[PDB]
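Below are two forms of the same protein chain, given as structure tokens: structure 1, then structure 2.
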Structure 1
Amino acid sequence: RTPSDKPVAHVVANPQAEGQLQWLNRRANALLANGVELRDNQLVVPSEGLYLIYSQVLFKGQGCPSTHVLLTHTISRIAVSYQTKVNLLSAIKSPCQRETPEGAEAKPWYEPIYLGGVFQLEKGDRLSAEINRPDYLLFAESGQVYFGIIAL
């Protein structure tokens, strides 16, 4: 069955790699076809074109830390004609508004972030989907952390 012929990829987070965000394509409903490669944890575009890029991460924390914690999710492009990470999509989220567990209780918190947009890419471009606090990464369920692209 022809996935379609269009370069595409939908990689998901590896739960067996605690503390970090490693993407894999060897799972249930994941994709890595028609040329796009997963190299050094980055997706590599196989041809000139317009691409839909997206990603979602789910942060989870038990009770609240100190001062203030910031969660950032961002998709970068390192172009073949300009080898430097330049942000394409990015968001920030503040889970614990300094609440900090008074001393009794402190329930868990969940904070998801979605990113997505269309971009002109060169053959050879490298796309990265990174976060700043991989220690809060909740990849316990399944479709909670993903990163993908489809050539439109």
Structure 2
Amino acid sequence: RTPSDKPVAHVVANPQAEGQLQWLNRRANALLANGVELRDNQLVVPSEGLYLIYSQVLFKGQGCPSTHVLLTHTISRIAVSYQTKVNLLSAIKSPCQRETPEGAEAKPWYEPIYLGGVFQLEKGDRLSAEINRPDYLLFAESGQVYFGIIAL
């Protein structure tokens, strides 16, 4: 984990919570070292500094129901001074133009979303990566649904 004292975290999702996004620590490379902690599913940040922040979510859907599927992935900082979630990153993705699988019943889409960004954080700040539809989460984990920061 340490060498290089950097707050570092690279945390994997969890292929047990049937539809959810539980972050997991210890898998082959799931760095939670020196300073940063995961506490209620968030990366609590030590030090103070400019953290490079990243995550990827893989949404997986067999077919498309009537009405917009519209997926979303955000990373928000909950500040401990003037608190609350301040929005840092998120991206929107619509994986179906009207098709809506009757005919040749349900054949799959795959939608990766990846976020990356260098932000100034502060000692003790909490970090959230959330999706709006944990039903569409694929399972085959390590490099497929992940989250991380490193201090630069």
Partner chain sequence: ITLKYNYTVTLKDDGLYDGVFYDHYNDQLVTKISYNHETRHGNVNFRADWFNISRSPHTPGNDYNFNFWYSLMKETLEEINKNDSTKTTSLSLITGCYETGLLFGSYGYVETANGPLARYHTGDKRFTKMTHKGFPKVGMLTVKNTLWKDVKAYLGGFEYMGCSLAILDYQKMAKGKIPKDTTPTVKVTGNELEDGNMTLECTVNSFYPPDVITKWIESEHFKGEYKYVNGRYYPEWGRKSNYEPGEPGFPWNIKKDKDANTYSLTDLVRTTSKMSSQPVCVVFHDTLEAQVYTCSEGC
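Here, a residue number simply tells you its place in the sequence of structure 1, counted from 1. Throughout, rigid core stands for the largest set of C-alpha atoms superposing within 1.5 Å between the two forms.
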Quiz item: Where's the form solved without its partner chain, in 1 or in 2?
Solution: 2
Quiz prompt | From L38, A106, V118, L31, residue displaced between the two structures - CA threshold 2 Å or more, rigid core | solution = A106
Exercise. Using the rigid core as the frame, report the C-alpha movement of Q83 between the two structures, one decimal, in Å.
Key: 2.0
Quiz item: For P15, what C-alpha shift in Å is seen between the two structures once the core is overlaid?
Solution: 0.4
Exercise. Quote the shift of the Cα of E141 between the two structures to one decimal place in Å, the two forms being superposed on the rigid core.
Key: 4.2
